[PDB]
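Let me begin by presenting the structure, written as structure tokens, before commenting on it.
In what follows, every chain begins at residue 1, and chains take the letters A, B, ... in the order their sequences are listed. FYI, side chains are in, hydrogens and waters are out, and symmetry mates aren't considered; it's all heavy atoms of this structure. Just so you know, ligand 1 is whichever comes first in the structure, and atom 1 is the first atom listed for that ligand.
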Amino acid sequence: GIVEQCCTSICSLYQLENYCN
Amino acid sequence: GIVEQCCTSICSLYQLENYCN
Amino acid sequence: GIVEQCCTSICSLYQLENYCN
Amino acid sequence: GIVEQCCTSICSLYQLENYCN
Amino acid sequence: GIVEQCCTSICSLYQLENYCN
Amino acid sequence: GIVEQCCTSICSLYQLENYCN
Amino acid sequence: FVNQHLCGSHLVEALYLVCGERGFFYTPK
Amino acid sequence: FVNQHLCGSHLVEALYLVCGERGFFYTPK
Amino acid sequence: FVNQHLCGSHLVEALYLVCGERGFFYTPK
Amino acid sequence: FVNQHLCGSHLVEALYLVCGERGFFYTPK
Amino acid sequence: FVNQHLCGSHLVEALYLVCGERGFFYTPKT
Amino acid sequence: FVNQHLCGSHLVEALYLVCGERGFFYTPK
Ligand SMILES: Oc1cccc(O)c1
Ligand SMILES: Oc1cccc(O)c1
Ligand SMILES: Oc1cccc(O)c1
Ligand SMILES: Oc1cccc(O)c1
Ligand SMILES: Oc1cccc(O)c1
Ligand SMILES: Oc1cccc(O)c1
Ligand SMILES: [Zn+2]
Ligand SMILES: [Zn+2]
């Protein structure tokens with residue numbers, strides 16, 4: 001999930017936007 | 001400045017990008 | 001919801017838990 | 001103290017409460 | 001206390017240092 | 001730069017002031 | 001409204017800590 | 001050392017800023 | 001109220017920064 | 001109330017996230 | 001890496017939240 | 001990396017506070 005995706009390497013703001021409602 | 005522009009109405013990340021180097 | 005409830009007065013930790021999954 | 005107990009392994013809020021006044 | 005002193009007008013870090021141990 | 005100086009060891013407040021305008 | 005924007009920033013940090021493994025659903029609208 | 005926990009706190013802040021009025025679900029699982 | 005609660009959050013961060021190894025007592029009061 | 005001071009604190013966090021490796025000047029005024 | 005220092009920053013925010021009107025003593029070194 | 005990312009977030013907040021009215025320049029190399 002997000003922790004695996006975004007805490008091993010930095011997620012861009014676009015990648016983060018994936019998780020918005 | 002940035003405080004005047006952004007502390008009453010929300011500056012989007014897109015608008016904030018104008019302040020980057 | 002959370003803004004009307006918790007930005008207008010201080011929510012307790014139990015009150016914040018209403019918004020947990 | 002708190003740094004030893006809580007920066008090595010995750011402390012819950014209940015565990016952290018032991019450091020309150 | 002600190003909230004009265006520092007939440008209505010800004011306290012410098014030097015003023016805040018009064019609250020250190 | 002700042003990341004090399006201050007992410008590998010703790011910078012003092014005086015060291016941080018180098019990066020003030 | 002910036003006031004709501006700043007409050008929400010604190011809200012999500014508090015939810016992060018209090019919700020733990022449950023996670024949370026932040027829906028301001 | 002509790003870096004996943006610390007990373008999560010920054011992650012929710014970043015999500016908060018990106019998502020705006022849309023909001024977001026955060027699940028550590 | 002909420003304004004003081006949000007302010008207090010920033011105060012503890014500034015105390016953490018300025019007090020260093022000494023630490024601090026925070027009492028809302 | 002210290003609202004401009006607190007707003008600026010959130011602003012610099014937003015700028016950090018948006019600007020990435022570009023960095024930024026923060027010049028209040 | 002400055003891990004303990006950064007961790008402490010989060011610890012004080014978590015004490016602020018949980019202790020409420022009681023407040024707290026943060027005493028890193030002890 | 002992540003670590004450096006998270007560190008930079010705390011760095012900008014400390015600069016904001018210590019620099020006060022001067023402001024600061026954040027340039028990750
Ligand atoms: O990958 C991440 C993790 C935490 C914050 C962020 O902006 C990006
Ligand atoms: O207009 C603002 C003010 C503070 C933080 C932010 O992301 C936007
Ligand atoms: O009512 C609130 C608002 C923001 C943070 C918090 O813990 C409670
Ligand atoms: O174990 C920890 C360390 C830092 C913050 C926190 O909420 C818990
Ligand atoms: O007066 C204040 C209030 C909150 C944070 C700070 O650095 C100063
Ligand atoms: O070396 C550092 C890193 C982050 C915050 C700080 O005050 C000092
Ligand atoms: Zn705030
Ligand atoms: Zn952190």
Can the SG atoms of C:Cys6 and C:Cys11 be said to lie under 2.5 Å from each other? yes
of all protein heavy atoms, closest to atom 7 (O) of ligand 6 is I:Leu17 CD1, 3.3 Å
Roughly how far, to the nearest 0.5 Å, is CG of I:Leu17 from CG of L:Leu15? 9.5 Å
Judged by heavy atoms only, the candidate from F:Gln15, K:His5, L:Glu13, F:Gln5 nearest atom 6 (C) of ligand 6 is K:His5
Numbered atoms of ligand 5 (with element) below 4.0 Å of I:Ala14, judged on heavy atoms: 7 (O)
Heavy-atom distances under 4.0 Å are what count here, so tell me which part of E:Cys7 touches ligand 5: side chain, backbone, both or neither. neither
Ring geometry between H:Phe25 and G:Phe25 (parallel below 30°, tilted from 30 to 60°, perpendicular above 60°): parallel
Hey, which atoms in ligand 6 end up nearer than 4.0 Å to a heavy atom of F:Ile10? 1 (O)
Do the rings of L:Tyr16 and J:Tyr26 sit parallel, tilted or perpendicular, given the 30° and 60° boundaries? perpendicular
Side-chain (C:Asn18) to main-chain (C:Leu16) donor-acceptor, under 3.5 angstrom: no
Take every heavy atom of F:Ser9, measure it against each atom of ligand 6, and state whether any distance is under 4.0 Å. yes
Nearest to the Zn ion (ligand 8) - the N/O/S atom of L:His10, by atom name: NE2
Do I:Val12 and E:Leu13 sit in one hydrophobic cluster, given that two such residues count as connected whenever their side-chain heavy atoms are within less than 4.5 Å of each other, even indirectly? yes
Is there a polar contact between ligand 5 and I:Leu11, counting only N or O atoms under 3.5 Å apart? no
Going by the atom numbers of ligand 6, which of them fall below 4.0 Å from some non-hydrogen atom of F:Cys6? 1 (O), 2 (C), 3 (C)
If you measure from the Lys or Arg side-chain nitrogens to the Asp or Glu carboxylate oxygens, is any gap between G:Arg22 and C:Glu17 under 4.0 Å? yes
